[PDB]
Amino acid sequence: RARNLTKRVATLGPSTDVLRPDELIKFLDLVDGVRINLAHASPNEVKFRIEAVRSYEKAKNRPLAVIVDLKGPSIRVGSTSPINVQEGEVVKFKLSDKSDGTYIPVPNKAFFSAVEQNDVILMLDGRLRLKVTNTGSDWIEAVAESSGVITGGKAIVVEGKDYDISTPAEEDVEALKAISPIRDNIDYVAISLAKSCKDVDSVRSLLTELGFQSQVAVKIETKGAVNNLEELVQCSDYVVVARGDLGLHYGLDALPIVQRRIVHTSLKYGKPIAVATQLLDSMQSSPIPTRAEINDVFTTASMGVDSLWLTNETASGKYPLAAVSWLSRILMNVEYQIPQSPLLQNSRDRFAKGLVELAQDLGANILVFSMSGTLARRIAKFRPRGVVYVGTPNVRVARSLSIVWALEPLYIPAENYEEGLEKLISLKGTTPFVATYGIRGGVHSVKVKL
């Protein structure tokens, strides 16, 4: 009840910007990490939000993860005066960056390559659907299922289809170097719309080129990502179920099974897993969630995900504090249903599993001294059922581990492993405990007090 195993991530936006210095404290006290969406964030909004986060972290001695979420590529209506669409109207799309008023301009051939007859085109976030009735060289006709106004610059998605667009997106490249002066304060970079390992690697090389030392979080947002889940999971540092986005490509009744499959796959492969968006959605307008939202959060957390990410609920909603407060409160009630076990792929895995089961058998807390976070993460993936205290001499490692299952990262300067572990045991050595360190090729050490 008292300390959460499921980690709590909130998105920062205008609703958090205006928080009284004292409201802000009570808000950050209830999170383990923060997200900044580089779609809606100005470089000096990013800079100022991160500064407020790091300032809080210093004052309260609480390592917090900073996540930046990249926009990713998009296909948008080109230049046009607003086009008014009537229900039943046959609407024409042409490959063009500018129309003469008689059609909808779409400046990307990948839209035309993705669309077939009977596909459904989604505009206005999914509020305008158009049924495709004919296709040609660089054009499409579609029947509007309702009335609506199409504006230049609005995004276009094809229900259940992925766009074949070269990556990383030019706008992502631009956003990453704009923010590169503060790269040492960024713990996770979240990739949108990746569907192959090649896509992920490209962002990795770019982040390296630009001097970032960040974990790469891969959002599963589309049918194409779901069909390539095995390989995508294995090339990620962190996996994210992006519910809002995935809801565009699946029926609303089909989404629970897809969420389950993403979560099962990530746990199997020992990748940390998040569920994002549409958790406490009603709370944009209400200081209390609905009963169904409480059950939703409760059962999502029970599956054994590492973290839950609030988006609009905190970014733009009316009750950012109530939202994180209700998140944390629900989590304190969670009983976890025996999670998918990860695959054992080496000796170190067998060691960590044996440790976790031992601590479970003795009713013991696990303590880890970890230089880079490696053993701490290996322990976490086996889902220990109590808090795992992790001592580290690197503040950047402490921040990274803040959003990993059960981990409580503590900044502890130390000359070597043995000195580090003894400082951690001094500090957190209530009985029973199982305390370890160990690196590949070295002696692994365990101190057990029963």
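All residue numbers are counted from 1 along the displayed sequence.
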Practice problem: Mind pulling up the entry and telling me whether 121-129 or 272-280 has the higher mean Cα temperature factor? | Solution: 121-129
Quiz item: Comparing 196-204 with 243-251, which has the greater mean CA B-factor as deposited?
Solution: 196-204
Quiz item: Which is it among 266, 374, 295, 286: the one with the largest CA B-factor in the entry?
Solution: 286
Practice problem: Quick one: which of 178, 157, 355, 110 shows the highest Cα temperature factor in the PDB entry? | Solution: 178
Quiz item: Compared with the other modelled residues in the chain, in which third is the CA B-factor of residue 11?
Solution: middle
Exercise. Comparing against every modelled residue in the chain, figure out the third that the C-alpha B-factor of residue 308 lands in (lowest, middle or highest).
Key: lowest
Quiz item: Hey, what third does residue 218 fall into on Cα B-factor, ranked over its chain?
Solution: lowest
Exercise. Please place residue 383 in the lowest, middle or highest third of its chain by C-alpha B factor as given in the entry.
Key: lowest
Exercise. Select lowest, middle or highest to describe the third in which the CA B-factor of residue 103 falls within its chain in this entry.
Key: middle
